[PDB]
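A short worksheet on the structure shown next.
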Amino acid sequence: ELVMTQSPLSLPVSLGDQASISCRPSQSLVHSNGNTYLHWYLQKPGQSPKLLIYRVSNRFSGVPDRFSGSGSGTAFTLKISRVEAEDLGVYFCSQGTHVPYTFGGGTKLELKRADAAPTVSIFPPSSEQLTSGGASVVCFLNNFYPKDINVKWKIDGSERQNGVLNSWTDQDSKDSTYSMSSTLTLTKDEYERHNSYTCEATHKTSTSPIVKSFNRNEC
Amino acid sequence: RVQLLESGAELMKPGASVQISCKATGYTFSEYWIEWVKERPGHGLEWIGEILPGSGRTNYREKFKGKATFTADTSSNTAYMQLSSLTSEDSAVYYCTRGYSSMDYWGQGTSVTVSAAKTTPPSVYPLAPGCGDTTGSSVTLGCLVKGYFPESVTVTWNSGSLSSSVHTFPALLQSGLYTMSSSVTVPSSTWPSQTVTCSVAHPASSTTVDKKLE
C-alpha cells in the first residue's frame, strides 16, 4: 500500500483557466529500474476512465497539448492550461512501483458559480403510505450552490435521528447548481408517536441555519 | 486499435458466483498484464489483481486472494475473473485492463449486483404539503417511490400545468430494494387550478402508475 492524497477534492473552475490538481504518494515511486510511476487518468461520467499522461511526464496518444505532468518526491502535478468542456470529470492519479497499485481519491472539475442559498421544503407523510404501516418524511433542499451541505433531523429537537437516505444530484446543466432529497424513515407508529419534526440544513450562505418544521398534531 | 470488451452486467443471488470475461482485439495476448479494477460507488478504485496470458502467471491483492480467480484462453483471447461466494459488498462495476508502465486501455464495464430480491413494483407515495405550512411563490411537490427492483424506474412527471424545475433524485440501494423520489417546481396560481400527476413506470414488470397529488 501507499497513500495518494489528491491535495484538492473539488475544482470549481469557470472555462478557460489553468488547472493545478496535486497528488502526493506515500513513498518513493522510483523503482529500482530507474523510472518513477505516477500516472494520470480522467473519468468521464458513465465511462471506464482513461490514461492521461503516463510515466509522470510522458504524454499519451490522441491526447491534448493542454496537459502538463511533472514532479519529484512526494509531490506530483497535473496542469491543464486551457480547460475546455470535454475535460470535465474526475482525475485519478496512480502508483505502480509497489504492489499493490493504489489509486488516488479523485479530484473533480466542476463549473464555477457564486454561492446560492438552498431552498428547503418539507412535505409530511401520505395517508396511503400511512396505510401500509410505513411513514416517511422528506425534506427537499433544491437547486443551490456550493455542494457541501449537511442536514440534521432533530425530530422534535432533542434526538438526532439517523435512519436517513440521502440522494444527491450530478451538477445542473443550465444552472450549475445542485439539488437534494433526505428521507428520514419511520416505523408508522414511531411517526404517530411525535408532534412536529424539523429538518435542519447548514450551508454557508446563511448565518442562521435554514430550518423547516412539520406538525404531526394540529393537522 | 486494440479493444477489450466485457460481458454484460448481471444480477446474482448470494453464494452464487459470476464469470466476467474480457475479450481483447488488436495485438498479441501473451505480453500484457490483464488488470481488473473495482469501482464501487463511494470507495473509488481498488486494483484487484494482475495476470499475464500465455505464461499463466498471476498476481493478487492479498485482500482478493481466495475470492478471485484469473484464467485466460490464449486461443480465444478472453480474460477471466471468477468471484466465488458472492455478497452485498461485491455489488459494483468491474473493469478489465491492458496496462504496463501505465494502464493502457480499459474495458467497458460489467456491473455485478448482489441482491436477494425478486422482481417487484414501486409502491408510489405522493409527497404533497399537508396542513398549512408552505406559502407563496412555487408550490413544490413530489412523488416518492419506496422499494422495488431492479433499476428499471422512469418517471413521467410532465408538469401539472405552469412549471419546469424537475428533479429526479438518484436511487439508493438499501436492503436490496430501491427507493428514490421525483420533485417539482409549480407556482401557486397554477395549482390546484389544474392537476399535476406523476406516472411511475417500471418496465421490468410492465406495470405502471398514475397518481394525481392533491
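Ligands are numbered from 1 in the order shown, residues from 1 within each chain, and chains are lettered A, B, ... in the order they appear in the C-alpha cells.
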Residues of chain B within 8 Å of chain A, counting only C-alpha atoms, as a compact mmCIF listing (two decimals) with N, CA, C and O atoms, in the first residue's frame:
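What ended up in out_17.txt:
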# COMPACT_ATOMS: atom_id res chain seq x y z
N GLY B 44 -14.15 4.15 -4.72
CA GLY B 44 -13.22 4.57 -5.73
C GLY B 44 -12.67 3.35 -6.41
O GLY B 44 -13.39 2.39 -6.65
N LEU B 45 -11.37 3.36 -6.68
CA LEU B 45 -10.78 2.25 -7.35
C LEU B 45 -9.81 1.38 -6.56
O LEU B 45 -8.77 1.84 -6.05
N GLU B 46 -10.17 0.11 -6.52
CA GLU B 46 -9.47 -0.92 -5.81
C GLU B 46 -8.84 -1.83 -6.84
O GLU B 46 -9.55 -2.67 -7.40
N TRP B 47 -7.55 -1.66 -7.15
CA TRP B 47 -6.95 -2.60 -8.09
C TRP B 47 -7.17 -3.95 -7.48
O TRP B 47 -6.80 -4.16 -6.34
N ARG B 61 -4.19 -9.11 -5.01
CA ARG B 61 -4.08 -8.20 -3.90
C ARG B 61 -4.33 -9.16 -2.78
O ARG B 61 -5.27 -9.97 -2.89
N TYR B 95 -13.82 -3.41 -14.05
CA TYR B 95 -13.15 -3.23 -15.34
C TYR B 95 -11.93 -4.13 -15.53
O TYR B 95 -11.13 -4.34 -14.61
N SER B 101 3.37 0.18 -17.97
CA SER B 101 4.09 1.24 -17.27
C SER B 101 3.01 2.30 -17.29
O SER B 101 3.26 3.51 -17.18
N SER B 102 1.79 1.78 -17.28
CA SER B 102 0.61 2.60 -17.40
C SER B 102 -0.56 1.61 -17.43
O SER B 102 -0.34 0.39 -17.48
N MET B 103 -1.80 2.12 -17.36
CA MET B 103 -2.98 1.27 -17.52
C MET B 103 -3.52 1.66 -18.88
O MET B 103 -4.42 2.51 -19.06
N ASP B 104 -2.80 1.10 -19.84
CA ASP B 104 -3.01 1.32 -21.24
C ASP B 104 -4.38 1.53 -21.74
O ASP B 104 -4.70 2.66 -22.08
N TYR B 105 -5.19 0.48 -21.83
CA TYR B 105 -6.56 0.63 -22.39
C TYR B 105 -7.56 -0.09 -21.49
O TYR B 105 -7.33 -1.24 -21.13
N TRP B 106 -8.68 0.56 -21.17
CA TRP B 106 -9.66 -0.03 -20.27
C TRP B 106 -10.92 -0.52 -20.91
O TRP B 106 -11.61 0.25 -21.64
N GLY B 107 -11.33 -1.71 -20.46
CA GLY B 107 -12.54 -2.37 -20.92
C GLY B 107 -13.72 -1.52 -20.59
O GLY B 107 -13.57 -0.58 -19.83
N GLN B 108 -14.90 -1.86 -21.10
CA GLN B 108 -16.09 -1.04 -20.86
C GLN B 108 -16.71 -1.11 -19.47
O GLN B 108 -16.88 -0.09 -18.82
N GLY B 109 -17.06 -2.28 -18.99
CA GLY B 109 -17.63 -2.31 -17.69
C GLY B 109 -18.75 -3.29 -17.56
O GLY B 109 -19.71 -3.29 -18.34
N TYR B 125 -45.62 6.66 -3.25
CA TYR B 125 -46.21 7.56 -2.23
C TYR B 125 -45.93 8.99 -2.60
O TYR B 125 -44.78 9.42 -2.64
N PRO B 126 -47.01 9.74 -2.88
CA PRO B 126 -47.13 11.13 -3.30
C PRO B 126 -46.90 12.22 -2.27
O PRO B 126 -47.79 12.60 -1.54
N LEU B 127 -45.73 12.81 -2.34
CA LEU B 127 -45.38 13.87 -1.45
C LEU B 127 -46.10 15.20 -1.73
O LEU B 127 -45.73 15.92 -2.67
N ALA B 128 -47.12 15.52 -0.93
CA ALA B 128 -47.88 16.78 -1.01
C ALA B 128 -48.01 17.58 0.32
O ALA B 128 -48.63 17.10 1.29
N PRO B 129 -47.46 18.81 0.39
CA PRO B 129 -47.57 19.57 1.65
C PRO B 129 -48.92 19.42 2.37
O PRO B 129 -49.99 19.45 1.76
N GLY B 130 -48.83 19.13 3.66
CA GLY B 130 -50.01 18.94 4.48
C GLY B 130 -50.56 20.24 5.05
O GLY B 130 -50.44 21.33 4.44
N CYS B 131 -51.05 20.17 6.29
CA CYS B 131 -51.67 21.34 6.89
C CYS B 131 -50.94 22.67 7.14
O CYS B 131 -49.98 22.79 7.89
N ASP B 133 -48.57 24.84 5.94
CA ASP B 133 -47.21 25.22 6.20
C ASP B 133 -46.80 26.21 5.09
O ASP B 133 -47.21 27.39 5.10
N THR B 134 -46.11 25.65 4.11
CA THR B 134 -45.54 26.27 2.92
C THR B 134 -46.40 27.33 2.17
O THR B 134 -47.45 27.01 1.60
N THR B 140 -44.02 23.56 -4.30
CA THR B 140 -43.18 22.46 -4.74
C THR B 140 -43.91 21.18 -4.40
O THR B 140 -44.73 21.15 -3.50
N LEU B 141 -43.70 20.15 -5.19
CA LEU B 141 -44.37 18.89 -4.95
C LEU B 141 -43.43 17.72 -5.17
O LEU B 141 -42.24 17.91 -5.51
N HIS B 167 -36.72 17.72 -10.67
CA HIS B 167 -35.55 17.00 -10.27
C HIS B 167 -35.90 15.53 -10.08
O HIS B 167 -37.00 15.20 -9.62
N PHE B 169 -34.15 12.57 -8.27
CA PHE B 169 -33.01 12.23 -7.41
C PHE B 169 -32.61 10.79 -7.65
O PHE B 169 -33.42 9.99 -8.10
N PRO B 170 -31.32 10.46 -7.44
CA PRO B 170 -30.79 9.11 -7.63
C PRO B 170 -31.43 8.05 -6.80
O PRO B 170 -32.21 8.31 -5.89
N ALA B 171 -31.01 6.83 -7.07
CA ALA B 171 -31.55 5.70 -6.36
C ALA B 171 -30.57 5.09 -5.36
O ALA B 171 -29.42 4.74 -5.69
N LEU B 172 -31.04 4.97 -4.13
CA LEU B 172 -30.26 4.36 -3.08
C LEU B 172 -30.49 2.86 -3.28
O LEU B 172 -31.51 2.48 -3.87
N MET B 180 -36.32 5.91 -4.42
CA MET B 180 -36.00 7.26 -4.94
C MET B 180 -37.26 8.08 -5.13
O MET B 180 -38.35 7.53 -5.25
N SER B 181 -37.08 9.38 -5.31
CA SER B 181 -38.18 10.31 -5.49
C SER B 181 -38.11 10.93 -6.88
O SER B 181 -37.27 10.52 -7.69
Shell of 7 Å around residue 211 of chain A, only C-alpha atoms, local chain residues under 2 positions omitted, as a ChimeraX atom specification: /A:198-201,209,213
Residues flagged alpha helix (DSSP H) by DSSP in chain A, as a ChimeraX atom specification: /A:127-131,188-191
Work out how far apart atom CA of residue 84 of chain B and atom CA of residue 97 of chain B are and give it in Å to one decimal. 20.7 Å
Mind pulling up the distance from atom CA of residue 65 of chain A to atom CA of residue 77 of chain A?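 These atoms are spaced 15.6 Å apart.
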Show which residues sit within 8 Å of residue 15 of chain B, as a compact mmCIF listing (two decimals) with C-alpha atoms, in the first residue's frame. Count only C-alpha atoms, and ignore same-chain residues fewer than 5 positions away.
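The result, stored in result_28.txt:
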# COMPACT_ATOMS: atom_id res chain seq x y z
CA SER B 84 -16.89 -17.02 -5.85
CA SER B 85 -19.10 -16.76 -2.69
CA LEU B 86 -20.75 -13.54 -3.71
CA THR B 87 -22.12 -10.88 -1.42
Between A:63, A:21, A:90, A:75, which has the minimum distance to residue 45 of chain A (counting only C-alpha atoms)?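 Checking each candidate against residue 45 of chain A, we get A:90 as the closest.
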Surrounding residues of residue 110 of chain A excluding itself and chain neighbours under 5 positions, 8 Å, only C-alpha atoms, as an MDAnalysis selection string: chainID A and resid 10:13 88:89 171
The selected residues should be written to file as a short mmCIF file (atom, residue, chain, number, x, y, z; two decimals), in the first residue's frame (atoms: N, CA and C atoms).
data_model
loop_
_atom_site.label_atom_id
_atom_site.label_comp_id
_atom_site.auth_asym_id
_atom_site.auth_seq_id
_atom_site.Cartn_x
_atom_site.Cartn_y
_atom_site.Cartn_z
N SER A 10 -12.32 19.32 -5.04
CA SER A 10 -13.31 19.91 -6.00
C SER A 10 -12.84 21.20 -6.67
N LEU A 11 -12.55 21.12 -7.96
CA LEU A 11 -12.07 22.30 -8.70
C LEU A 11 -13.23 22.98 -9.40
N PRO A 12 -13.76 24.07 -8.82
CA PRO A 12 -14.88 24.83 -9.38
C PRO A 12 -14.23 25.87 -10.23
N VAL A 13 -14.04 25.50 -11.49
CA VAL A 13 -13.42 26.40 -12.41
C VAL A 13 -14.32 26.82 -13.57
N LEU A 88 -14.02 17.96 -18.27
CA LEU A 88 -14.71 17.95 -17.01
C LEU A 88 -15.04 16.55 -16.48
N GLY A 89 -14.55 16.28 -15.28
CA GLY A 89 -14.78 14.99 -14.64
C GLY A 89 -13.88 14.83 -13.44
N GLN A 171 -24.21 17.86 -10.85
CA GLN A 171 -24.38 19.32 -11.13
C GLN A 171 -25.34 19.69 -12.27
#
